[PDB]
Structures are given as C-alpha cells and as structure tokens.
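Order of writing sets the labels: A, B, C, D, E and F. Residues in every chain begin at 1.
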Amino acid sequence: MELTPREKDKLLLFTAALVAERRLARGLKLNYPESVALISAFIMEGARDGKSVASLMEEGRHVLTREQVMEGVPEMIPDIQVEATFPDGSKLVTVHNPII
Amino acid sequence: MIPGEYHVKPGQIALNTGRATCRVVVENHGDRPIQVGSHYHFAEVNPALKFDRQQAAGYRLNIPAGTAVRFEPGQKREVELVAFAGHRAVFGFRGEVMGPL
Amino acid sequence: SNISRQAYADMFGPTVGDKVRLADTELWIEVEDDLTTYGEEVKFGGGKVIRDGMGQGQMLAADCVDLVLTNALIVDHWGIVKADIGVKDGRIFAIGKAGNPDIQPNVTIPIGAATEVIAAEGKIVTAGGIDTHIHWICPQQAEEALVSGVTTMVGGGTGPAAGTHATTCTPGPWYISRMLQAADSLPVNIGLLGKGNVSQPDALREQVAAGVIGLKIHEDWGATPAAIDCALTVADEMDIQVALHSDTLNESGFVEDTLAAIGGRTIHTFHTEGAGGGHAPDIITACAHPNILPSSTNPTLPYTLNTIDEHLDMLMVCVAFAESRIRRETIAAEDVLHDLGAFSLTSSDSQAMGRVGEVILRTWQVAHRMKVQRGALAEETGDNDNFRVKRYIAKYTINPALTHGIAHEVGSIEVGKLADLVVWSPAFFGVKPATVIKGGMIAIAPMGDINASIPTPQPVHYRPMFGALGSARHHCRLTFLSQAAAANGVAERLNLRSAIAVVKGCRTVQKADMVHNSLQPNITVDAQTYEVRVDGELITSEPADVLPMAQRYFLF
Amino acid sequence: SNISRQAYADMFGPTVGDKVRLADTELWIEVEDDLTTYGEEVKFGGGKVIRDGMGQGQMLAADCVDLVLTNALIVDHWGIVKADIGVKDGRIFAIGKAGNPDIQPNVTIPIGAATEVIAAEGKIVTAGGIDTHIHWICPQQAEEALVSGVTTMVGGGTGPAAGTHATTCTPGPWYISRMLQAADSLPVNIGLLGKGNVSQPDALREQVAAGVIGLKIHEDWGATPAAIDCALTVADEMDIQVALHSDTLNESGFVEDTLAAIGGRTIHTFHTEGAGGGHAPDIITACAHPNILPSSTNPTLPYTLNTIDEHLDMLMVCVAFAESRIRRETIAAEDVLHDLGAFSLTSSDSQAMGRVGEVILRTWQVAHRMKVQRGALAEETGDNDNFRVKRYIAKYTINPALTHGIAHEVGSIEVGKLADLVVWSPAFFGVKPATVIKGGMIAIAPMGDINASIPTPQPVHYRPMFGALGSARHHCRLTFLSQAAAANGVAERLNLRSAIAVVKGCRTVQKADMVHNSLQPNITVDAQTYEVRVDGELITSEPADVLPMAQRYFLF
Amino acid sequence: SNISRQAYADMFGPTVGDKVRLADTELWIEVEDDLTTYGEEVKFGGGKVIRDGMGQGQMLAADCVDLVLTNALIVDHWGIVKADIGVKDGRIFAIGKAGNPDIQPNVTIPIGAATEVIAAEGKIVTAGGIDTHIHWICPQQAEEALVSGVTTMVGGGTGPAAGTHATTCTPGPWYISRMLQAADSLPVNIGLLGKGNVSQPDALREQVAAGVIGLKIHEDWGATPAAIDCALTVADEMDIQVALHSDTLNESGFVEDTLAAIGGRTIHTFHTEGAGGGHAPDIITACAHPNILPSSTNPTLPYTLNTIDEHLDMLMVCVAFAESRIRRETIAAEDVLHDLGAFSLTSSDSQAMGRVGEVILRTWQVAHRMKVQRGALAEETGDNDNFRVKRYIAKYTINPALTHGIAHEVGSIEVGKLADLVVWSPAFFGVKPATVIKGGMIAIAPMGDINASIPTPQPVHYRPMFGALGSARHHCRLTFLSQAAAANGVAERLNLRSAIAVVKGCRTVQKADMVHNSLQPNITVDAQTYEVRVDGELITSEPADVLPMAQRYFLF
Amino acid sequence: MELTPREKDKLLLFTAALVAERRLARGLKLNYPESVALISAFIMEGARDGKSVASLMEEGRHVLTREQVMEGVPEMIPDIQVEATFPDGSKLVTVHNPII
C-alpha cells in the first residue's frame, strides 16, 4: 500500500470516528473529540466520493445537531477542518459552526 | 492508460558485438543438475561437465548478462562462448588461472 | 547473441528510444542515451553478473565504489539517460558503466568486495528534492517531506508558536542555536532562515554569525523599504540569501517601491503569484527581474476546480482584503509562467498555506496540466516530453539549490555532490518512492511486515532505515551554516554532530542562472481586472476537473 | 479612541474585572490586574503591532528577550493577572509590558529582531506542574505527564520490576547512574529518589553521592523506626528530602511511634490520607505537624460514587487488612483538608495506585467539588474564586518545588526561574493544554495533519516538538542532583548531557512555608469509627455523582 | 512449620520434583534442584522478607548485588533449577540463595539498600536468545527480535538494498563503519558480517580491520572454491567466523568440491537443510563434518501441512530449479536431525526467507513435534522432557554464541557473563515474555495503560523500557568487533558509544563443542529420490496439521 | 493481550481494509491502497479460519474484479502478499494477479 505518514495519520482519525459512530447509534449525546472525529471522517468520505469543497462546507453542518451532543460542545467546536484527496488533489475543507 | 507503462521501441539488440566467440559441446556427466551463469569463467565450471576445457579458456557464455544455462544430469548441449575482455585477468573460480588470460 | 527489445526492457529496464509514462500522467520520457555495453550490463543475484572474478573484481576498498545502483534510468536536468551510478564516501563517484575491469570492457564504476548493490533496473532515479520554504512548525514535517522524495529542507521557525506559524523565521542567536542542535535529529539536510526584518544591521549580522544561511523578510514583521534594505546590505556582506514575503497591504508603497528598495540586489521571492502573500494584486510582476529568483509555494499548483473556494476560505480561516489577495487571474497565469520558465522553483509553505509532502507531486501535476492545455514546449525535440520534464524537475532540485548557495553539495546527480538520491517505480513516480537515500545510506523506504519471510508482505508503509539512525544519520546529513558561523566555530561550540556544509554564491546567482527557467517576461497585471499579460497577450489557463497523482494512490 | 469591553476582550483577552470559567467547572477567575497601557498592547500578525520600528525595536539580542508570550492571563499562586511574559536564555526574564521603547511607553520586555512570539491573548498561562510521586515503571510516563502540563517529575524506579512497581526507589549507585543517563532522553526535568530503608547510614550516603535528590522510606522495604531514623540523619547531613510511605501494618509501632522516630525532622508524607499506604487508620493525623509537608496521591481526588468500589478492588488486585486501609471516612475528609490548606501537594503515585496524566485535572476536580459543597473560602475577597484557585494551583506547582528543594529553578512563573510554562485555552483549562514549553522551547503541543496547509486540520493530537529533540531537549531540561553528586562530578563522570540543577533547602522547609496550604489542624481519627475530626468537628464530604473535566473531553 | 506442596508452589513457584508444561505444548520440565533453604526464601512486598535487618542487610553497594530475581525456575543448557539470580555491574553475579547473612543461613546473593528486586516466583527464566542469521534489511527487526526474547543479533546488511535483501553482508569499510554507528541506537547486542566473496585476501582483511566479526560467503556474490578458500585463510588469520550459503547451482562443483575447498577449516553453514540455499539436493550432508557448525533458518521449522506450498511459491516469488531446491525429503529429515543433535543452532534468515520474531517459538514447535512423533530421547532420565528441552534451548543460546566467538560474554546464564535474561510466565513460554533484561536493565516488556493506576490494565503491548533509552541503552548493550578493529581503535575512531566486546575462539570451535548437539552422522542424500539416510536408515517425519504456540496467542 | 510489534502492525492493515470495505459498499471503484488492504485483510481472516495456503492463493483472486477498481489498478498489483498465523504457525500467502 506504501502508506505515507499522512495516510496512516488519517487512519487514526477514521478509527476515532468509528468509536463516535457506534456511540451515536446507541443514542448517546456525543462529547468533544467524538463530535470532531465523526464530522471530519464524514468530510473525508465526501472528498473520496468526488463531492466539491463548496458542497462539503455546507453538508458538514448537517451531521450533528445541538441535540445529539453534550452541553457546551457546540461552543467548543466553532469549526472543524480536515484535508482529503479530492479527484483534483488534497484540499482543505473548513466546516464553519457545524453544530446547531 | 497504465501507470508507468513502457512504450518499447520494436527490434532486437545485438550483444557482445565485435568480440571473439566459439562453440563447445558440453555434457553433464554428474548425477545432479548444474547451472552456469553468463560471466562465469567457463573453463573452470564444475568438473562433472565434460568438454574441451582448453578451448573455453578465457571465455564465458555468450548469453544475456545475468542469465544462465542449465544442464540436467546427463544433458548434452552445444553452447556458444564469448571471450572475456577488459584486462583479461582471471581471479577466482576454481583458482586455476589467477592472473592474466 | 540478440535479445528482443521487449525482453531487454523487461530484463534491464528500458534503453535508448524506449518511452516511459510518468505515473498516471500524460507525461512520457524517452531514453536519450544508455552508457552500457550491450551484453555487459551488471545485475545482482543467484548466478548473476556481480560475483567474484566476474562483474565483481579484486580491488581494495579505495579502488572500488561503496555502492552501485545498477541500470538506473536517470531523470535529471541534464538528461534522461540509462546508467549505473557509483556512490563512494557518501558522494556521487561516477555516472557510467559498473563492473570488473579484469574481464569487462569500458568499466567506469569498479565493483569489489567493499561494494553494496541497489538494483535500479526498471526504476527511475532522481536527485533528492530541495524545499526552500519550510515553516519549522513541527519536527514531523521532516519525515513527511523525506518520504515524498525531499532530502533538503531550508526554512525557519521554532515550533508551533505564532511567529513560525506565520513566517519562515528562527529569531535570534539562542533559537537559531537550539534549532541547529535539534536539526541533528532529523534525516534531511537543513539550513535555517533568521528574522530579516530590522533596520539596525547588527541584529542581522548576529543571527547570520549564529548560523542562519539566509534571512526571511516577511510582512508580518514589517516588510518595509528600510527593513528590506538592511537585510539586503547584510546578505551582500555575508553571502547569504534573502527570501521575501512582501507588503500585501501596499502600506509602505506598491510593488514598484519594494522593487526600488531591493535596488537590483539578489533576492528569492516566495509564492511569487501572491495568493501565499505579497503586494496586491501585482507581486507576480517580480518575475521580470534579473535579480529575482521566483518560486511558487504549492497550494495553487496546479489550478483546479476547488482551488479558489478552498483558498478564499483558507485565507479567511487563517473581505476586500481576502478578495484582493486570492485571484483566479493570477492563479490561472502562474501555471503557465511555470510552463514558460518565468517561475523557477516550487516549494511548500509548510503548514502555513502549503503541503509539506506535495512539492514534487504538484510540480508534476502542473507539467501534466500544461501539456494537456498547451501541447509541446517550443524546446521539445522528439516525440516525448523530455524538455518539459527537465524544465520542471529543475524547479524542485537544482534551482532551489542554486538559489540558496548549496548547489555545490546538493541539487542534482553530478559527480562530487552528496549522494541524496530517490529511486522510483515509474507507476508511482513523483508520489511514493521505492527508496530514499541520504548521503549514500537508505534513510527511509516502504517496508512490509517486519516479522515476514520477505520484506514485501503487507502492511507496507514508510519506515525509517539505517541512514535515519543516530550517528549514521549524523554522518549522512548536512547542517548548512553561514560562512561567518562556520568560521566562528558555531559547529564546535554547539557540539553539532552532523556533517557541516557552508553556503556560498547566494548573491551572485541571478535569474539567467535558473536551469531551464530563466525567462524574464515583460509582464503586467491590470489594476482593475487583475489580468496578467506578457507583451499584451493574456496569460491564462483552465482549472482541472481531476488530476493524475491523486485518488488512484492515496488511502485518504 | 475607545473600544467596548467585549470587543477588547475579544481582541486581547480579558482585562481587569472580567471573569473566566475554568473549563466546565463552577470555578471562576477574575482578572486582578493588567500590566498593559490600553492602546499599547502588542499583537503579532499582518499589519499588526510587532513589526520593525513599531512594537519591534532595533536592539541587539542581548538587549531583547528570545521569546514573548503576548497578552497572557497568568494564573499562579501570587495572582491572576494580565501581562506579557518575556523569556530569555531559557528563563523567565520579566512579567510586564512588551514592546519597543523607541516609540512605546512603559516597555519592560523589549522585542527585537531576535524575539519569537507566542500569541497568549485569550489564553491562560501557568507554570509547569511538578509531580513528586513518580514510580519509574516505564519511560512512557514522561510524555504522558508532559502532555498533562507536568514539566518536572521526581520519583524513583528502574522500570517494570517488583521493587519499582511497589515503591518510588532507584536502588544503588549503578541503577541511579543508569537512570540519570536515561533521564537525558526524556523531555521533563527529573530528580531521582534512592531506597532510604537501611539502618547503616553509609549505604544511603553512597546513593546520595550517586545522584539521588531524596530518599524514599517505604514499608515494603521495612518502614521501621531505625530505618526512618537513619534516612533522616543522612537527609539532614546531605540536604536532600525524605519521602515517607509508612508502616500500614502497625508492625514496629503506631503512627505516634513513627512520629516519635521522625523526631520533629523534615519529611514529605506521601498519600497522607492513607488509602495509598500508611499506619491504619490514622496516618492522616501527620498533617498536624510543623515538620511534615503532606501530599495526597490522586486516585482519591476527589471523592466520587465509584471511589470506594474501585479502590477496595484495586487494593485487593494489587480482608480485614483491605478494610482497615480503604476507608470512606478518611477518603471523605481528605477533600476538605485540601480545601482548608491542611494538605499541601497533589501528586500521582504513577501506575502504582495513581494516574500520571491526571494530577492537574483531579486537583481542579477537587476545588470544584469543594466550592460546590462548601461555598467560598474564608479567604475569598470578591465575587470569584481567585483565592481557592491560588490555594489549589500551589499544590501541584510551588509546594512540590519547595518540598524537594528545587523551588529556586522551577515551580512558578517568577523572574529567574526556568521557563517551563503551559498555555491553556480556558475551555480546556486543566485537561488538554494548547502549548507545553520546556526551558523556553515548545516541547509538546496538539498538532494537526503534518501534510496540511495549516496546523489545525484533523487529526489533532499531541506530538513532540523541537524542545523534545536530542540536544535542544538536553539544553531545555534539568537533571537535579544532590549537592554531593554535583560536587563529585557525577555529571561529568556519566557524561550526562542535560543542564544540571542542584537541590538545596530540603531540610529547612516546613509546613508554614507551603504557599496558601500551611494549616496545622488538631486532627484526630477515631480508632473504632475512623471518623476524622479537627477540634471535635467531624470533617466529611459527599461523593460526586459526575465531575467536570471528564466525559465532555475524553475519547475513552 | 510445614506447608503443603501445592501452597508452596503457589507461593514461591515450583520446587524439586514438580513439573511444568511449556506453553500449550506437550513438553514438560521437572525441577531438578532447588538452591533455597525451605523457610528462608526471599519474597518482596508489604510485610515480606526483603526489608531492612530481615532479608535485606546493612552492606555497602560493593558488597551486595544491584539486582536480585527471586525464586526463578532457570531453564538453561546446564539444568532446570530453582534459584535466586543476583546481577551486579550488568553481569551475572551468582545463581544461588539471596538474602541477608546477618540473620539468614546459606546466603550466596547478598541483598542491601543498593538492590532492586524482580519477583521471579512462578516464572521461568532463560538466557537471551542469539540469532546469527540476520539480514539488516530494516532497524525495526531489532525490537521485533528483542520482544521475542532474542538479545543478540549477528548478521550483515545496509538496509533495504538488493545486496542485503539477498545476503547477510555489510560490504566494505564505509558501510561497516555506518552500521557500527547505527548499532548504538538499537537495544540488542550486535556483531556484523562483511562480504566474504573475493579471491584477493586484502579486501577481506580491510573489512575485518573495519569491525566485522565474521564473513558471509553467499552464492549471489559467487560461492566458488577460490572465494571460500580466501575467506577461510583470512578467518584463520584474524580469528573471525565464516558463514556459508553455498553454490546451489552446483556451478563451480558439487557439495563435495565445496567441502574439499573448506579443507577441514571451521565454518558455520547457514540453512544446512538447503531450502534457504545450498548445493541441490545434498548440502544437508555437511552436518557429518567435524569442522562444520550447522544451523537451520526458521521457515522449515517444524515441517507442517502448508510448508511446501508456501515455500515453493515463496522461492518462485523471490521450474526445475525451484523443484531441486525445495524438497519434502530434506525438509522432513531436518526436524529429526535437530532432534538427534546433528543440527546445532536455529536462526531466522530475517526477511530473507525467515521470520525475525519466531526463532524461539519455532525451535520449541520442533521439540514438541519430535516428542509427539518420536517419543523420549535416549538421553532422558525421568518422567519429563528435561534433556530434550536442554538440547533445544542450546540451539538458540549457547551454540550460536560459541559459533561466533562470543560465548565468553553471552549465551547462557553463567557467572561473569552479560545479564541478558528473559522472564517468562510458563503459559506464554517461548511466545510472549514477561520481561526482557539487557545487561542488567529491563529493555522491553509488555506494558498496560500508561495513565492507569496500575501497569496491568489494557491495552497491554510491548513498549521499550529504560535499558532501551539513549546512554543507559549504550551502557547495557555490546557492540562486538574483531580483534583487529578493537586493536586499531575503530571504537574510538567512530565514537561508538556502547560497551565493546571482542570475538575470539571462532576457529577453535568445532562440532564436538556444540552443547548437546554434537552428532556427526554418516548421512547421505539419494541423488534421484532425495531421501536422506543416516547409515542406510531413512530419516523422515510427518507434517503437522496444527502447532502449539500459534492461534491461541496471536491476534493475527 | 501482550501485543508484539507484528500484531499491532496487522491492526493497521485491518483498519486500512475497513476503509476500503466501506467504500466498496457505497459502490466506488477502489484505488491502489484500498484494493491491496481489502484483499490482504481477507487473506488474514481465511488463515484465522484455518483455510490452507493453497486455497487462499486461489480465493484471494476472487475478491476484486477489474470492474470494481479504478483504471490501472489491476496493472499496479501483480500480486498481493501477507502472512498470518494459520493453525500450523505463520505462513506467507502470495495471491498472484488478483484482479481481473
């Protein structure tokens, strides 16, 4: 696979997101690292799918609502940023005020 | 589209051009396979191979660099040899020359 | 004896006339020459050529190379040629024909008991990359760049502090000293940039005497005519380079006033197109000048569909300002000025609006997008892209070396230079190399299961090798110092452990010296439309949909 | 020119009178003072103040600081104040007003070409923590504590061996020597504890002369009156500290007999409440004494619903015995004696009934649980928790420093001490810091994608920085030795590479010297009920249901 | 006072007569002797024996050990015995009875203030393994082998280059030098093998003088009569060993001609069965000779159902050739010649047709498969497998040590040798050790959650300890050099930091000296059937279905 | 669990395979590292199941077809190799020309 350090690092982010995805499925309100992992892994899969930077900036705001996360969480995450390989190379997506 | 593919120019390549060559009949009189590499000092191969050693003196097999010729037990072939170049000094092998020729 | 050309290519790698596609791009290289004698190539293995009395001779160590890379197809600014490469005392010994002179003809790289072998047949070998726009935000950037094929890192910083996050500056003798000591731990050659912004030349001479090989003038520290003038006076005095991030705000003057302050003195303009920083909207016009060595940083290489959305937000994250800075018109033209030889170096802008492991892949993405849009360069001679390939490889190898006065040690595969080499399988050319050699030892390479019967079973990922460990790493990397620091014995005073190299020729280099990238166009930027023109012709291009060297290779 | 107080807080961080909630606790700090001149704050960036001729001056390196942390809100035992912090030669230069004296008024921290900047506006800055109860079970505890904001680690051990698993002891000159050499590899300041249990003082003087800065008396090696007496005689002789884990079994006498053996000599009683070890059920009464510096270890901080189940089993895993040792009554009282200043230090008991990355967070959990149960301290002055905050921060900073005779080098943000500082975003105060600085260089910090365009994209996790690498790490950490070892040249004999500090004042320190934690209560423990009383009043508290600094922050 | 034998075993580990199953194998060891005085065993803990005035005495450091491993059940070539082990100055001090002579009888390992303790009760303790067939393909193989219980690694290579991928050779003085410097970073003792194939003895003397402790003759470099003769002449001259991978192709002669070229001189034949390389199909017959020290590499240990499919493909991946090389007949016989003492060492062939972390587990799998097929060895005395266990442990400990002239420093648990020891829980014997000690310090061990209250909560995985860090690691490992390199001051010239050991006795050792493995059978291989016979009797065995030390232990 | 370096390393390969397994489920054509991870993790589970080296050499060629992977992918993977603990110890499986 000839994985570079940056690929192995995203492997960690993906796994942290699996933890959150299973907890949300059980009906828990997510905490800070959980919420950041879930949304950011989601944005990595949208780049893999060939979605645009512009689209993912908006879709990323619909992954978690104020109701699915603990108190204070929305205020601890003013944005979430993650880069992924889009069909046109690595791009930065910043999802602004993601949780409402 | 194949990533990193070659576009090889058609044709053939002539190897060891300009060098002296000879052919010698070789027979594996041993009972175990013997395989000889392209640059080995032919005259000094496994004693079980029978051929005119005097003829092969200062020669190697005239084959693609890196490749070898195999002799099963009892197998008999005519091989083509090409003379060594450079200083034509042979050291090693069976320790039979160990100097110039 | 004959062998068909296909069998021959299969056995020893391609020869004269054969072509190779670079990765999944539309770029094709054609072998220009082959330094072998057909029938006499050396290959290592069971029953192969490199064996005692055969391709391997009787010589003592002094009379043979330490390492031979067999049947490499070299891609460098000087040619695309098939050859054996001999490395001796950590340096490039010869490019030629390896073997034993006792029995082989034309041997120029002698192989003996003291010679190790790396089998390069079927691979492409390049010099290691040289990235001159590093922000020392974290030490992790070292392995990241090294894995990408970048062997020399020049920049400044002290770690994740606001000054370094913004600028390539290691401020002051104490941080410079700490950073030189920290460099010994990293498996890449390193040179430091001090903070160039001050109007008292003594505070700069002190940083230079401390060890910096250049000075960064950055607008966040005030890129004023006076600061720029002071740093250039010191640079001329101490033979060190000045890298410039200009006054985007046009606070102290317009790009012509900064130009009047440089006064025809040598300077390296970072991110010359201007999205990474500089006089809005016309910093790009700096590439017209003979004393300017212009580089681009990488997030705008090449221009793509997501480029603007991404950058506009990126800039906002780090309104009339944002808009005067990020412009499609200058972004669209930069790919072409690279194509034309008007921009000379590519570099990262590491974790400060640039990607540390993407300097080489993006440089190639741009060559592909230009071939696709513009066709063959006027310089091209046969049915291949050899000239364009030499023009772009020069941008991340020899040109950054010359710009920073280290081309005497690194930058290309040439006799006498440090043996920093990168071995690539053509399918992964420019994205994932097969082997990264630092000063003659392999420093990082893809490696499979450590417990496996062979080194190839999964998972295969980049792992540091022997040239990346302790004192062998120190022996195989260089720390670059100024002539003043070297003369004052900074190396001995800080007990630096690595080999030391000294920069020189940082003031003498000019645009005419950038290999295959010496164009000085009569370039303008329209104040109102921001269109870029050279002699009245609009310089522009179209954003890529999809790029090669992207989704086929990367897990994320 | 005016600016509203909210805009001002948004721009430069909070000022006099403004309040800040510590993490998700009920604790609120109020800015007591601000050392700036309104209009003259320094901020770094594009068009900002810290630029040549402006907030940055013309001075040579000697005349300016190496580093400035701008607009920090300092929380330390001496005050909660807004100020710029200047660091020079790896040490705290000044707490005051940074800038250029050529154009700015009241400048006490001069900024020049040689100055790097860390932007502290909106952050809280503290001294690095000092954990004095480390078991050297594994070297991994170093980064773990450092990430938590702990910069100094004192303890003993040789790795995962039975002696170290049980006690904080590095037995003998050879292991002490190996451990001093191993310390050079770790990015935290370290001092070693030798095995104090022996009745022949020469075997202790040898360990002291070898390099230990203290001696651990632990009941697993026999915490008898004679052993304790011998170690105290040596400690008095060589100015090194004695840390005590007493005879829980009451084998050699009761807590009064151990008390008679110490004979009014200075000693640090580890886990003074007694669940971590000590005379059952009354070791807690040691905090009444003037010569006792008492600490708690962390698993009983604060008292919670799972505490007893967890500890009873924990103790069984490592019956009348278990029950005499783990007691709700002494566990419930310890939170309050911390609240009252009767217990002076918090510490871990690393991987030996304590958690190495939880000393700071638990100390704060206890302050929160006490505010919640008890209200404001008698010492409080305004509508904030400033006094309680200074009382508890002193427990993991200055008090452990004073206890171990290293307060001259570390322990607080004061001029002349080592620049070990921790930068926190208030939302993550006490749990996950923004930046950990060791002797003036950042040694560890959260770091996003190494290949990203900025340092913030995900995954963000703690990665070692330049102050944690090789010889820069050695320059930025201290190895503490005894006066005897320093005088005998142990540093030179073991070729230790780090900077060396010498402990002193380990016998002179007493309970009256523990900052904001000098209470000597007339404390009793009932033999039958184990109730704790001070002057007849029952000291008790309720177990927490839920704590702040817990599930909102941690992935597991 | 009496205690039942079961309670006694539970408290102190098993004693004379008790038996222990090795892991999940069918192998059982019986305690042969116990060096204690019943009632006087030493145990460390709360209220235990090792406390001041009790099991711990008043002696100064010089008069006590640095470390005691209490109640260990030693398994070594010389016996399976219960004893305390004292380690002092990084070396084995005594095997006997630990304690305080002031109150205890028969004390031979004195314990004082300067003594650390590792509790070995219920564990089995062995010497560290010695793997002599390492290909230095990557530095990661070091920790991998160390975790497996292998403390000494001998081999050659320069990293992931074609020469090293194929052969255990570090060619030439420059690579030898770089590899000696790199060795300082690794926590295992290391000796290097140079390239032995050349017919000019001076090119070999140079490699020897450079630091190699042996020379590898490999057919990929031409394993001709002349090359072999030259290396043996040098080896005899410089007291260094020759390791042989013979001419599989029978190019220069048959196995008898290679045998005539060695001419009765000492040599170590690698992978003697021949699937890993050698004269097809009869290299195996080399074990008949008195001057041959024969080892096997590991992928054919033991013979199993997947063995042939796997190897035939493996060999094809790295037709009449493949088939002449991989043979069921010689593969089936090798297990038995190991059983018989005719093959003397086991080794890996690391990432070059062998598995670096499987030398010990496979050696035990073979002992189990032989007990299962063949029953008790003729040498067995009681109802246990003690003789077979001593016969096989000798294959990866003392025999490789003697073969390489380092048995004076390592190879067994004997007084005066380096304290390289491995502590095993019997259930995980041979697969996952509890503690790996390098020269007296623990260098790697399983370690649970670094932040936990104890070192046991999950995840538990192998982590490097204090004996694996910087200068403590250098103090605790050896770099082995030739007598010539040591005399020429190679250590000082390369500034090697580790302790240095010198090999000697590499020519004098012979088959009669391989502990419990000295058989010289009249072995033949049929040219046509490849059947192996010793004195006309067919030597063969059946492939295992399933093995112990496999799926019950490993996650993948 | 006393995980050795080699066990923790296969943990990485398994996770890289989870990424690919989820993308293939969404109907994407897999890329190079994805395809190598998916097949190799599959072979590790067949060893765990007690299948033979010989069998896994053939079954491994039926995991991904030319249609489920991007262009050039089949040509970038002439074989995939991975070792796992079979009931009879660690064995190397090479899956030759896996994708057609």
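The rule is simple: contacts are C-beta pairs under 8 Å (C-beta built on N, C-alpha and C of every residue); 3 or more make two chains touch, one makes a residue touch a chain.
Protein names from UniProt, one per chain: A, F = Urease subunit gamma; B = Urease subunit beta; C, D, E = Urease subunit alpha.
Interface repeat of A-C: among C-F, E-F or A-D, the matching pair is E-F, sharing over half of the residue-numbered contact pairs.
In this structure, the chain pairs B-F and E-F differ in their number of contacting C-beta pairs, and the larger number is found at E-F. The chain with its CA mean position farthest from that of chain F is D. Chain A and chain D have centres, each the mean of its CA atoms, that are 35 Å apart. Our note on geometry: chain C versus chain E, Cα centroid distance of 46 Å, whole angstroms.
The distance from the centre of chain D to the centre of chain F, with each centre set as the mean of the Cα atoms, comes to 49 Å.
Centroids built from CA atoms put chain E at 42 Å from chain B.
For chain E, the set of residues touching two or more other chains reads 140, 144, 198-200, 222, 224, 226-227, 249, 251, 314, 317, 355, 357-358. The multi-chain contact residues of chain B, meaning those touching 2 or more other chains, are 1-3, 5, 35-37, 40, 68, 91-93.
Residue positions 1-8, 10-11, 14, 48, 81, 83, 90, 92 of chain A are each in touch with at least two other chains. By the definition of touch given earlier, these chain pairs are in contact: A-C, A-D, A-F, B-C, B-E, B-F, C-D, C-E, C-F, D-E, E-F. Residue ranges on chain F touching chain A, taken from their complex, read 12, 15-16, 18-19, 22-23, 26, 28, 32-33, 36-37. On the side of chain F, the complex with chain C involves touching residues 4-6, 9-10, 12-13, 16, 19, 31-34, 36-37, 40, 70-73, 75-76, 80-83, 90, 92.
Chain contact summary for the complex, chain D toward chain C: residues 44-48, 50-54, 56, 58-61, 64, 66-67, 70, 88-90, 112-119, 435, 440-442, 445, 447, 450-455, 463-467, 469-472, 474-476. Of all residues in chain B, those touching chain E in their complex are 30-37, 40, 44-48, 68, 70, 72-73, 91-95, 98. Listed in rising order, the residues of chain D touching chain A in the complex are 24, 427, 448-454, 456-461, 551-556.
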